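One structure is given below, encoded as structure tokens.
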Amino acid sequence: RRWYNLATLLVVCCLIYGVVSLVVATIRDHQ
Amino acid sequence: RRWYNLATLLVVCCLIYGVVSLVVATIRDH
Amino acid sequence: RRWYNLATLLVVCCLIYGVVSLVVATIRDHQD
Amino acid sequence: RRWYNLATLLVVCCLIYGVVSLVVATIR
Amino acid sequence: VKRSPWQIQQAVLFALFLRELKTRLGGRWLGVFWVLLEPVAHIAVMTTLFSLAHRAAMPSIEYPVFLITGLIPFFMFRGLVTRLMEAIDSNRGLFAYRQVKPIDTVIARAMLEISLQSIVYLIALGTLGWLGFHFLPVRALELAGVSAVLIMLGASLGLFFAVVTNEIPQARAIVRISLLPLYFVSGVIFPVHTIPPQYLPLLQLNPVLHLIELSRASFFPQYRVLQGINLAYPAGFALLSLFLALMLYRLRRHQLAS
Amino acid sequence: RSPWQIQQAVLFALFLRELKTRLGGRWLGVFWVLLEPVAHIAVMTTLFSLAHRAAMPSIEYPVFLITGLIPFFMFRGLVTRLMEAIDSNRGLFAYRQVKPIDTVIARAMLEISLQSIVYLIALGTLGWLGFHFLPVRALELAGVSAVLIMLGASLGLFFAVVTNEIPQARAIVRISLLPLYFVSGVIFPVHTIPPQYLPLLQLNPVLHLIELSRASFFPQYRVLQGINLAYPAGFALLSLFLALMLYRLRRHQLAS
Amino acid sequence: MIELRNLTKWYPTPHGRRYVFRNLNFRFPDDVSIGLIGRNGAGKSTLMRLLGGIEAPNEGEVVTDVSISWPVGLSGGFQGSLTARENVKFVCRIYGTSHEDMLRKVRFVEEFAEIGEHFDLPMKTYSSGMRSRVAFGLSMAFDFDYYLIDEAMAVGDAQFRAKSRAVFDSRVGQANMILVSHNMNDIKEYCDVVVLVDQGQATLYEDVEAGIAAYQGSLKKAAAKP
Amino acid sequence: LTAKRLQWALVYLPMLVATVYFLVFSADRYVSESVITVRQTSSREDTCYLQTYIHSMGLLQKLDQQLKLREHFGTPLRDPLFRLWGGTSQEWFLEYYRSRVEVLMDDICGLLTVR
Ligand SMILES: CCCCCCCCCCCC(=O)O[C@@H](COC(=O)CCCCCCCCCC)COP(=O)(O)OC[C@H](O)CO[C@@]1(C(=O)O)C[C@H](O)[C@@H](O)[C@H]([C@@H](O)CO)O1
């Protein structure tokens with residue numbers, strides 16, 4: 001399922017980007 | 001049953017009056 | 001069911017418009 | 001499974017390090 | 001610069017997220033231990049209580065993944081209720097800088113809980129894959145949609161309770177006490193198929209049961225759902241609750257400042 | 001003035017204050033404490049009446065529910081109300097005749113008097129409805145009730161002393177008072193649970209106390225194995241000893 | 001420029017609505033020092049905090065093109081579980097300043113406060129002098145067109161008041177003050193024109209002496225009621 | 001982002017689209033329900049067999065050979081959503097048929113209702 005896998009991939013890659021942006025922001029502020 | 005449905009209509013009318021008054025108060029404060 | 005679908009859609013977009021308008025007013029509340 | 005065993009050992013060893021380091025820092 | 005309201009909203013959300021993470025995870029990050037310890041304890045207790053019963057109930061699905069898929073979303077929902085509801089008194093003294101409206105506290109707590117439970121969920125699926133269980137959903141974006149519906153329902157309920165119980169700091173304990181049977185009834189520990197049918201329609205009044213079943217169905221391959229379970233009922237519950245919460249917040253916006 | 005007389009004086013005054021604040025300004029709490037067993041009974045009968053009739057055909061469901069519920073209500077009130085007594089009178093510890101244990105005893109006596117009134121009223125309306133409402137062996141019922149009261153008060157004092165700090169833990173115990181309802185034989189007779197789950201349920205002393213109170217209440221009621229009174233008696237004695245020890249040691253830091 | 005249009009402020013009470021402000025329309029003079037003084041409890045503090053934006057007006061609005069500080073000595077403004085450093089970091093992150101500039105601000109406020117060991121300690125254990133000190137140092141950190149003082153000068157010991165006055169006169173010339181004080185010498189020393197807020201209305205006086213004389217006259221009128 | 005734009009782009013436009021679809025573009029669909037049971041002549045397994053076989057593929061091959069389902073379902077050109085587009089794949093045809101024929105089971109009686 002090409003387009004379906006692309007859509008779920010977009011969703012996951014975004015979620016992890018948001019989470020890792022938050023964690024890199026707080027680890028930048030902490031140190 | 002004449003008297004039975006009147007109570008249900010009273011309850012639903014009171015509920016609709018309450019919710020419509022609350023949203024009217026919302027749109028008046030806006 | 002044409003009329004039932006139309007009424008359901010009217011309720012849904014009315015609620016959606018109200019929610020997004022409240023959100024817009026909430027963000028617009030900040031006036032620095 | 002050599003690589004699997006090495007990976008799960010690494011994970012547990014790091015966890016153990018994390019918990020002992022956290023308690024030995026918070027005792028201070 | 002003029003600094004348009006979206007910019008100051010980002011700034012206060014970012015700063016408040018730092019402030020709230022500094023205390024939610026606890027000083028020296030001692031809370032993350034309990035954060036990943038709680039699902040492990042739940043899994044252990046439920047599996048050594050009901051492993052054979054669940055195996056006899058439905059043999060197609062092994063118990064730990066069926067436990068995780070209904071446990072972690074409920075943990076996120078419970079966090080998004082209880083943590084969110086007490087967002088007013090914890091920052092009551094902070095309401096003196098003109099860019100510190102209480103909706104920022106609500107949003108900051110919601111995003112912190114969302115992120116924490118997202119990392120916990122990813123770690124849980126990683127471990128389940130590492131132990132040889134089934135750990136990839138077959139319909140991922142449908143699962144994401146049901147998860148989003150559950151998240152927004154929980155956030156709406158948390159905002160509604162935080163708005164309502166402001167003058168009354170109590171009834172929060174009663175909220176948690178009522179949240180416990182919601183854990184015990186939404187089918188997060190045992191499959192709901194074995195429930196006798198005469199109790200079935202009343203249990204369908206709980207939208208969390210619908211959301212849990214829909215999230216489980218899109219995860220496993222060939223997982224049946226009961227009649228009367230749909231997405232429209234929890235979606236309408238969530239939308240109406242969000243509208244009511246936002247309207248109640250708009251009414252008493254000035255009263256949440258002391 | 002003897003210490004005993006000033007102790008009666010301070011307990012009387014603290015009982016007056018705590019009875020004033022326990023109920024509402026116009027006595028709204030009495031309605032709630034009268035209605036809560038009624039709502040519990042309504043839900044429980046309407047959910048398990050036929051099942052309990054099938055359980056044993058010798059004991060009516062409402063009397064079984066009352067006899068297993070009112071002692072549990074008293075125990076839960078004693079556990080959950082005794083531990084807020086420290087924080088309710090932080091500023092009151094400045095008159096040199098007021099000690100925290102006086103607040104503890106005042107709250108406990110009120111919890112006991114209110115639940116005893118509720119028990120008498122419930123037995124009265126149960127007899128008024130044509131049910132069975134006379135205990136066959138009332139002295140053993142009084143003994144088991146006294147053991148349950150002492151265990152509950154001891155646990156309440158222990159939690160009041162330990163959790164003087166970290167008030168979040170206070171909240172926690174109220175959560176753990178919810179599953180204790182669903183296990184200690186209050187709702188359904190314990191003869192129907194599968195037997196291999198039995199001993200894991202037998203470390204709960206409230207289950208033993210509820211079973212013995214029901215056995216002394218009804219005529220020809222069957223108890224299982226290992227439902228001795230010695231285990232709850234020892235649990236209550238040990239809990240009271242530890243609670244009094246911890247109150248004595250951690251006495252001076254309960255100041256204003 | 002400061003302009004006030006149709007201000008209405010009250011709070012619900014069991015004995016009715018205790019109205020404080022009702023349709024206030026007035027323009028403030030620019031580049032001059034304002035001594036805001038009125039009857040105690042008649043609306044001085046609520047006027048200060050609506051000028052500070054803490055409570056937006058229910059009706060009407062204020063219009064300005066300059067920066068007005070929050071009330072100094074805002075001990076309850078900072079959150080308890082955070083340290084003084086963490087509260088400062090939060091405050092500069094609120095205003096969205098750069099990383100190195102905000103580092104300069106936290107170094108400046110820790111140099112002013114001189115608390116030292118307790119500077120990395122949560123502020124529920126702080127004494128009133130320390131929180132007042134960090135509040136003063138933090139308020140003096142930001143460059144602002146106008147500053148709001150709720151009689152926070154006379155409090156504290158002599159040495160803290162001395163460096164507070166020193167940094168204050170360092171801030172005069174580039175910035176202007178609004179004084180809310182019960183010590184008349186402060187208004188005759190640091191104010192140019194005087195407003196008087198009585199019974200829900202504000203009257204301007206270009207003369208400070210005329211303003212304080214009208215203040216004593218209003219006090220005598222209040223004391224003259226039988 | 002005024003209120004007029006929000007009302008036009010969230011309320012009036014979707015209701016207008018739905019109105020001009022459901023009134024002048026939609027195609028009527030008649031349902032014909034029936035209630036059946038299979039019994040031994042002098043039974044849950046046989047009704048599972050029937051429930052699976054109704055949504056099967058060989059039944060579709062037989063029915064498409066018999067009653068010309070494909071060219072019937074392509075007749076309404078006004079409605080573009082519920083019509084069967086010509087030249088579509090076999091799997092799409094199977095899913096379309098499974099959507100059109102609805103089978104419900106009464107487990108208390110083991111009765112198959114087919115609409
Ligand atoms: C699994 C068993 C049955 C199912 C229950 C499912 C629980 C319902 C869902 C949660 C409902 C809810 O509201 O949450 C509850 C969690 O349920 C419990 O109590 C477990 C009860 C254990 C006793 C049972 C004995 C039975 C008796 C037989 C004789 C309070 O925990 P919480 O996570 O909300 O507290 C977080 C607070 O914000 C802050 O508290 C801290 C913190 O972080 O500073 C501090 C401290 O460590 C502790 O209070 C806390 C934590 O670490 C310690 O478990 O965290």
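Letters A, B, ... go to the chains of the structure tokens in the order shown; residues in each chain start at 1; ligands are counted from 1 in the same order.
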Each residue of chain E lying at most 10 Å from ligand 1 should get a row with its shortest atom-to-atom pair and the distance in Å to one decimal, counting only C-alpha atoms and all ligand atoms; could you produce that, ordered by chain and increasing number, as a tab-separated table?
```
residue	atom	partner	partner_atom_place_in_ligand_line	distance
E:23	CA	ligand 1	44 (O)	8.5
E:24	CA	ligand 1	43 (O)	6.8
E:25	CA	ligand 1	43 (O)	6.9
E:26	CA	ligand 1	44 (O)	6.6
E:27	CA	ligand 1	44 (O)	9.7
E:30	CA	ligand 1	43 (O)	8.5
E:31	CA	ligand 1	43 (O)	5.6
E:32	CA	ligand 1	43 (O)	8.8
E:33	CA	ligand 1	52 (O)	8.6
E:34	CA	ligand 1	52 (O)	5.3
E:35	CA	ligand 1	52 (O)	7.6
E:37	CA	ligand 1	52 (O)	8.9
E:38	CA	ligand 1	54 (O)	7.1
E:39	CA	ligand 1	1 (C)	9.5
E:41	CA	ligand 1	1 (C)	7.6
E:42	CA	ligand 1	1 (C)	5.6
E:43	CA	ligand 1	1 (C)	8.9
E:44	CA	ligand 1	1 (C)	9.5
E:45	CA	ligand 1	1 (C)	6.9
E:46	CA	ligand 1	1 (C)	7.8
E:71	CA	ligand 1	9 (C)	10.0
E:74	CA	ligand 1	9 (C)	8.7
E:75	CA	ligand 1	9 (C)	7.4
E:78	CA	ligand 1	10 (C)	7.0
E:79	CA	ligand 1	34 (O)	7.6
E:81	CA	ligand 1	13 (O)	9.2
E:82	CA	ligand 1	13 (O)	6.7
E:83	CA	ligand 1	38 (O)	7.0
E:86	CA	ligand 1	38 (O)	9.9
E:172	CA	ligand 1	13 (O)	9.7
E:173	CA	ligand 1	13 (O)	8.3
E:174	CA	ligand 1	13 (O)	9.9
E:175	CA	ligand 1	13 (O)	8.4
E:176	CA	ligand 1	13 (O)	4.8
E:177	CA	ligand 1	13 (O)	7.3
E:178	CA	ligand 1	11 (C)	9.1
E:179	CA	ligand 1	11 (C)	6.5
E:180	CA	ligand 1	8 (C)	4.8
E:181	CA	ligand 1	8 (C)	8.0
E:182	CA	ligand 1	8 (C)	8.6
E:183	CA	ligand 1	8 (C)	6.3
E:184	CA	ligand 1	4 (C)	7.3
E:189	CA	ligand 1	4 (C)	9.5
```
Next on the checklist: Which residues are close to residue G:157, i.e. within 12 Å by only C-alpha atoms, leaving aside same-chain residues fewer than 3 positions away? Reply as a PyMOL selection string.
Outcome noted: chain G and resi 128-130+132-133+152-154+160-164
Give me the residues within 9 Å of residue F:84 as a PDB file with N, CA, C and O atoms, in the first residue's frame, counting only C-alpha atoms and dropping any in the same chain fewer than 4 places off.
```pdb
ATOM      1  N   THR F  80     -10.074   7.325  56.572  1.00  0.00           N
ATOM      2  CA  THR F  80      -9.858   8.446  55.665  1.00  0.00           C
ATOM      3  C   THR F  80     -10.072   9.805  56.321  1.00  0.00           C
ATOM      4  O   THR F  80      -9.620  10.818  55.778  1.00  0.00           O
ATOM      5  N   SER F  88      -5.979  20.138  59.540  1.00  0.00           N
ATOM      6  CA  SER F  88      -7.133  21.001  59.746  1.00  0.00           C
ATOM      7  C   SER F  88      -6.910  21.986  60.884  1.00  0.00           C
ATOM      8  O   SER F  88      -7.499  23.072  60.880  1.00  0.00           O
ATOM      9  N   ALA F 160      -1.899   9.259  59.805  1.00  0.00           N
ATOM     10  CA  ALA F 160      -1.805  10.668  60.167  1.00  0.00           C
ATOM     11  C   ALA F 160      -0.392  11.030  60.600  1.00  0.00           C
ATOM     12  O   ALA F 160       0.095  12.126  60.299  1.00  0.00           O
ATOM     13  N   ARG F 170      -1.337  11.175  51.135  1.00  0.00           N
ATOM     14  CA  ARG F 170      -2.678  11.152  51.713  1.00  0.00           C
ATOM     15  C   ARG F 170      -3.707  10.768  50.669  1.00  0.00           C
ATOM     16  O   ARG F 170      -4.441   9.784  50.847  1.00  0.00           O
TER      17      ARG F 170
END
```
Item to check | Selection: 12 Å around stretch 41-56 of chain F, only C-alpha atoms, excl. self and same-chain fewer than 4 positions, as JSON, numbers by chain | outcome: {"E": [198, 199, 202], "F": [34, 35, 36, 37, 60, 61, 62, 63, 64, 65, 66, 67, 68, 69, 70, 122, 126, 182, 186, 187, 188, 189, 190, 191, 192, 193, 220, 221, 222]}
Can those selected residues be exported to a file as a compact mmCIF listing (two decimals), in the first residue's frame so that it contains N, CA and C atoms?
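selection_7.txt written:
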```
# COMPACT_ATOMS: atom_id res chain seq x y z
N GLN E 198 -26.80 -8.52 29.04
CA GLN E 198 -27.76 -7.65 29.73
C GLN E 198 -27.08 -6.44 30.35
N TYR E 199 -25.79 -6.53 30.65
CA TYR E 199 -25.02 -5.37 31.06
C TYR E 199 -24.42 -4.61 29.89
N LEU E 202 -25.63 -0.62 28.68
CA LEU E 202 -25.26 0.39 29.67
C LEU E 202 -23.77 0.68 29.60
N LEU F 34 -26.89 9.78 55.32
CA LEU F 34 -28.06 8.92 55.29
C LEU F 34 -28.34 8.36 53.90
N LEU F 35 -27.97 9.11 52.85
CA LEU F 35 -28.32 8.70 51.50
C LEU F 35 -27.29 7.76 50.88
N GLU F 36 -26.03 7.84 51.31
CA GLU F 36 -24.98 7.02 50.70
C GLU F 36 -25.22 5.52 50.86
N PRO F 37 -25.56 4.98 52.04
CA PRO F 37 -25.96 3.56 52.08
C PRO F 37 -27.19 3.26 51.24
N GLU F 60 -31.58 -12.85 52.91
CA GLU F 60 -32.04 -11.80 52.02
C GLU F 60 -30.89 -10.87 51.66
N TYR F 61 -30.93 -10.34 50.44
CA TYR F 61 -29.85 -9.48 49.97
C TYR F 61 -29.73 -8.16 50.74
N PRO F 62 -30.79 -7.39 51.02
CA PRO F 62 -30.57 -6.10 51.71
C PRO F 62 -29.98 -6.21 53.10
N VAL F 63 -30.37 -7.22 53.89
CA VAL F 63 -29.81 -7.35 55.23
C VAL F 63 -28.34 -7.77 55.17
N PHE F 64 -28.01 -8.66 54.23
CA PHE F 64 -26.62 -9.03 53.98
C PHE F 64 -25.80 -7.81 53.59
N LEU F 65 -26.34 -6.98 52.70
CA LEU F 65 -25.65 -5.78 52.26
C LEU F 65 -25.45 -4.80 53.40
N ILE F 66 -26.47 -4.60 54.24
CA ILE F 66 -26.35 -3.66 55.35
C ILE F 66 -25.30 -4.14 56.34
N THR F 67 -25.35 -5.42 56.70
CA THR F 67 -24.43 -5.96 57.69
C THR F 67 -23.00 -5.98 57.19
N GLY F 68 -22.80 -6.13 55.88
CA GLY F 68 -21.45 -6.02 55.35
C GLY F 68 -21.01 -4.63 54.95
N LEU F 69 -21.94 -3.68 54.90
CA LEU F 69 -21.66 -2.35 54.37
C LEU F 69 -21.44 -1.31 55.46
N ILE F 70 -22.33 -1.26 56.46
CA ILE F 70 -22.21 -0.23 57.51
C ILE F 70 -20.92 -0.36 58.30
N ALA F 122 -30.58 2.17 60.27
CA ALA F 122 -30.68 1.19 59.20
C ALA F 122 -31.30 -0.11 59.69
N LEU F 126 -34.84 -1.60 58.45
CA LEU F 126 -34.80 -2.96 57.92
C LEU F 126 -35.83 -3.84 58.61
N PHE F 182 -14.13 -3.68 47.10
CA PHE F 182 -14.53 -4.70 46.15
C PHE F 182 -13.97 -6.08 46.46
N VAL F 186 -17.98 -7.40 50.87
CA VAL F 186 -19.05 -6.46 51.16
C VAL F 186 -20.21 -6.64 50.19
N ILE F 187 -19.91 -6.86 48.92
CA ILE F 187 -20.94 -6.90 47.89
C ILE F 187 -21.55 -8.28 47.76
N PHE F 188 -20.72 -9.26 47.44
CA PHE F 188 -21.09 -10.62 47.11
C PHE F 188 -20.54 -11.57 48.17
N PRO F 189 -21.25 -12.66 48.47
CA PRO F 189 -20.68 -13.67 49.36
C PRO F 189 -19.40 -14.27 48.80
N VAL F 190 -18.45 -14.53 49.70
CA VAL F 190 -17.12 -15.00 49.31
C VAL F 190 -17.07 -16.49 49.02
N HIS F 191 -18.21 -17.18 49.09
CA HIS F 191 -18.23 -18.60 48.78
C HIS F 191 -18.26 -18.87 47.28
N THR F 192 -18.42 -17.84 46.45
CA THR F 192 -18.58 -18.03 45.02
C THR F 192 -17.31 -17.78 44.22
N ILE F 193 -16.32 -17.12 44.80
CA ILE F 193 -15.06 -16.89 44.10
C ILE F 193 -14.33 -18.22 43.97
N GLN F 220 -27.14 -19.64 61.56
CA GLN F 220 -26.65 -20.70 60.68
C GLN F 220 -26.05 -20.12 59.39
N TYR F 221 -24.95 -19.39 59.59
CA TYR F 221 -24.16 -18.83 58.51
C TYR F 221 -22.81 -19.53 58.48
N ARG F 222 -22.36 -19.90 57.28
CA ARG F 222 -21.18 -20.72 57.11
C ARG F 222 -19.96 -19.86 56.81
```
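Atom CA of residue E:232 to atom CA of residue E:186 spans 17.5 Å [interatomic distance, one decimal].
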Item to check | Residue contacts of residue D:27 (12 Å, only C-alpha atoms) excluding same-chain residues fewer than 6 positions away, as a ChimeraX atom specification | outcome: /D:20-21 /E:28
Which residues, written as a PDB file with N, CA and C atoms, in the first residue's frame, have at least one atom at most 9 Å from stretch 7-19 of chain D, with only C-alpha atoms counted and residues fewer than 5 positions away on the same chain left out?
```
ATOM      1  N   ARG D   2      24.179 -13.776  18.879  1.00  0.00           N
ATOM      2  CA  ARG D   2      25.247 -12.990  19.487  1.00  0.00           C
ATOM      3  C   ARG D   2      24.892 -11.510  19.542  1.00  0.00           C
ATOM      4  N   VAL D  24      23.141   7.476  43.527  1.00  0.00           N
ATOM      5  CA  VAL D  24      24.392   7.897  44.147  1.00  0.00           C
ATOM      6  C   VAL D  24      24.571   9.404  44.013  1.00  0.00           C
TER       7      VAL D  24
ATOM      8  N   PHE E  33      11.445   7.223  36.676  1.00  0.00           N
ATOM      9  CA  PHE E  33      11.474   5.860  37.189  1.00  0.00           C
ATOM     10  C   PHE E  33      10.069   5.329  37.416  1.00  0.00           C
ATOM     11  N   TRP E 130      11.025  -6.357  20.784  1.00  0.00           N
ATOM     12  CA  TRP E 130      12.250  -7.003  21.231  1.00  0.00           C
ATOM     13  C   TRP E 130      12.006  -8.349  21.893  1.00  0.00           C
TER      14      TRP E 130
END
```
Would you write out, as JSON lines, a table of all residues in chain H that have an atom no more than 12 Å from an atom of chain E, listing for each the closest atom pair and the distance in Å to one decimal, considering only C-alpha atoms and ordering rows by chain and rising residue number?
```
{"residue": "H:104", "atom": "CA", "partner": "E:227", "partner_atom": "CA", "distance": 9.9}
{"residue": "H:105", "atom": "CA", "partner": "E:227", "partner_atom": "CA", "distance": 10.2}
{"residue": "H:106", "atom": "CA", "partner": "E:227", "partner_atom": "CA", "distance": 10.8}
{"residue": "H:107", "atom": "CA", "partner": "E:197", "partner_atom": "CA", "distance": 11.3}
{"residue": "H:108", "atom": "CA", "partner": "E:197", "partner_atom": "CA", "distance": 10.6}
```
Checklist entry - Which one is closest to residue F:145: F:98, F:201, F:112, F:105? Count only C-alpha atoms. => result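 That would be F:112, the residue with the smallest distance to residue F:145.
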Next on the checklist: Using only C-alpha atoms, which protein or nucleic acid residues come within 7 Å of stretch 24-34 of chain H? Drop anything in the same chain fewer than 4 positions from it, and give the result as a PyMOL selection string.
Outcome noted: chain H and resi 20+76+78-79+113-115
Take the residues from that selection and put them in a file with N, CA, C and O atoms, as a short mmCIF file (atom, residue, chain, number, x, y, z; two decimals), in the first residue's frame.
```cif
data_model
loop_
_atom_site.label_atom_id
_atom_site.label_comp_id
_atom_site.auth_asym_id
_atom_site.auth_seq_id
_atom_site.Cartn_x
_atom_site.Cartn_y
_atom_site.Cartn_z
N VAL H 20 -26.35 20.83 -2.59
CA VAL H 20 -26.36 20.58 -4.02
C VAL H 20 -25.94 19.16 -4.39
O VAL H 20 -26.09 18.77 -5.55
N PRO H 76 -26.44 4.89 -12.85
CA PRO H 76 -26.68 6.28 -12.44
C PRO H 76 -25.43 7.12 -12.61
O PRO H 76 -24.48 7.02 -11.83
N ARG H 78 -25.49 10.51 -12.60
CA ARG H 78 -25.59 11.78 -11.89
C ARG H 78 -24.82 11.73 -10.57
O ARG H 78 -24.12 12.69 -10.23
N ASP H 79 -24.94 10.64 -9.82
CA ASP H 79 -24.23 10.50 -8.56
C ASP H 79 -22.87 9.88 -8.80
O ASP H 79 -22.80 8.75 -9.29
N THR H 113 -30.16 -11.94 8.60
CA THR H 113 -30.93 -10.93 7.89
C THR H 113 -30.04 -10.29 6.83
O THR H 113 -28.94 -9.80 7.13
N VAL H 114 -30.50 -10.33 5.59
CA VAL H 114 -29.75 -9.86 4.43
C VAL H 114 -30.51 -8.71 3.81
O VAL H 114 -31.65 -8.89 3.37
N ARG H 115 -29.89 -7.54 3.77
CA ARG H 115 -30.47 -6.35 3.15
C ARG H 115 -29.61 -5.98 1.96
O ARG H 115 -28.46 -5.55 2.13
#
```
Mind dumping a table of every chain H residue within 12 Å of chain C, with the nearest atom pair and its distance in Å to one decimal, using only C-alpha atoms, sorted by chain and rising number, as a tab-separated table?
```
residue	atom	partner	partner_atom	distance
H:1	CA	C:24	CA	8.8
H:2	CA	C:21	CA	9.6
H:3	CA	C:21	CA	7.7
H:4	CA	C:21	CA	10.9
H:5	CA	C:17	CA	10.9
H:6	CA	C:17	CA	7.2
H:7	CA	C:17	CA	7.1
H:8	CA	C:17	CA	10.1
H:9	CA	C:17	CA	9.3
H:10	CA	C:17	CA	6.2
H:11	CA	C:13	CA	5.6
H:12	CA	C:13	CA	9.1
H:13	CA	C:13	CA	10.2
H:14	CA	C:13	CA	8.1
H:15	CA	C:10	CA	6.9
H:16	CA	C:6	CA	10.1
H:17	CA	C:6	CA	10.6
H:18	CA	C:6	CA	7.2
H:19	CA	C:6	CA	7.4
H:20	CA	C:6	CA	11.0
H:21	CA	C:2	CA	9.5
H:22	CA	C:2	CA	5.9
H:23	CA	C:2	CA	7.6
H:24	CA	C:2	CA	11.0
H:25	CA	C:2	CA	11.4
H:26	CA	C:2	CA	9.0
H:27	CA	C:2	CA	10.8
H:28	CA	C:1	CA	9.6
H:29	CA	C:1	CA	10.2
H:30	CA	C:1	CA	11.7
```
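Within stretch 192-221 of chain F, DSSP run on the backbone puts these residues in helix (DSSP H, G or I): residues 195, 196, 197, 198, 199, 200, 201, 205, 206, 207, 208, 209, 210, 211, 212, 213, 214, 215, 216 and 217 of chain F.
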